[PDB]
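Presented as structure tokens, the chain that follows is alone, the form deposited in one PDB entry.
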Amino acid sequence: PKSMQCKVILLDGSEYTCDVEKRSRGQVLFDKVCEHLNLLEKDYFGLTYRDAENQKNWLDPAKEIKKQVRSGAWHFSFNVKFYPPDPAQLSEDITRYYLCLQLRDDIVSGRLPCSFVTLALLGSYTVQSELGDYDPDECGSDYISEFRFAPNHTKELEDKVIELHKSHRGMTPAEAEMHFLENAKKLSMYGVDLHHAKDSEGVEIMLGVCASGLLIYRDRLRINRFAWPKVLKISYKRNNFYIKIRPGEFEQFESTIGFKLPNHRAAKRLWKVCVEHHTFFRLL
């Protein structure tokens, strides 16, 4: 038995260190992390690693870790893989807590755009969960939270978080986390995994993968939507990705939409993400 050291960045930003046998599959590491987190509703989560091209990949739990990280370090992050469209239906408050931590990072990173007022509201619920009730002993006219809320901050934003925090008196952490999620789940980019591609005409677009289906964005603007029920088949070949769309009721044939990805690995990654999301959300 040869022990490999694993480092996993947890969603509170702390680093978890453990050992797994050199021939271990991803599931073994994932199970250690989830036991450390006291997490039972594991199916929404996964581990990511960075490949030699610096691209984010999901660690496949069925495959040897060594055949995935290959030349790279055994360094991972714990992340939400499948964002639930209805977080109130999760069985456990701790599952909602980890989803809130992920969404906080999605907002601060700029991956999840959000209006000024919604940033403030979400921030207010975070403060209520972490600090409890508004405390004027701790909060003067010059207050800036130690909590990061947004990609960048203004004093007007900090003041709005305070104003809204005042309104939450008596709210428990689990209640504030549920309010956070009821608001976050309505954001247009909630749970949307974005992939750079060109359309068949060579025009740069973004392809989004999420619970409801596939999104084609033309220039930071939603254009085209394919709900999972409309998607017959998806495939890749070389650096091409193909979506087959079910015919309308009385149409004879499916339509094919083709995209060019930056390389073969990118085309494969997109296909895998799509198959996983289609399967998970068809069955959930």
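Don't overthink the numbering: it's just position in the shown sequence, from 1. Basically, rigid core = biggest C-alpha set you can superpose within 1.5 Å across the two forms.
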>> Going by the mean C-alpha B-factor recorded in the entry, which is higher: 165-173 or 74-82?
In response: 165-173
> Taking the recorded C-alpha temperature factors, which stretch has the higher mean, 210-218 or 111-119?
Replying inline: 210-218
> Checking the entry, which one of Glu41, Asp31, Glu251, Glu64 has the top C-alpha B factor?
Replying inline: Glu251
> Looking at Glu182, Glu201, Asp193, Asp106, which has the highest CA B-factor as recorded?
Replying inline: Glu201
>> Is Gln27 in the lowest, middle or highest third of its chain when residues are ranked by C-alpha B-factor?
In response: middle
> Among the chain's modelled residues, which third holds the C-alpha B-factor of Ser91?
Replying inline: highest
>> Quick check on the deposited entry: does the C-alpha B-factor of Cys139 sit in the lowest, middle or highest third of its chain?
In response: middle
>> Based on the deposited C-alpha B factors for this chain, I'd like to know if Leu37 is in the lowest, middle or highest third.
In response: middle
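FYI, the form deposited in another entry isn't displayed, but the following is about it.
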> Rigid core as reference, CA moved 2 Å or more between the shown form and the other one - which of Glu35, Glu64, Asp219, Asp43?
Replying inline: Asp219
> By the 2 angstroms cut-off, has the C-alpha of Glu251 moved between the shown form and the other one once the rigid core is superposed?
Replying inline: yes
> Which way does the C-alpha gap of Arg220 and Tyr44 go in the other form, closer or farther, given it changes by 3 angstroms or more?
Replying inline: farther
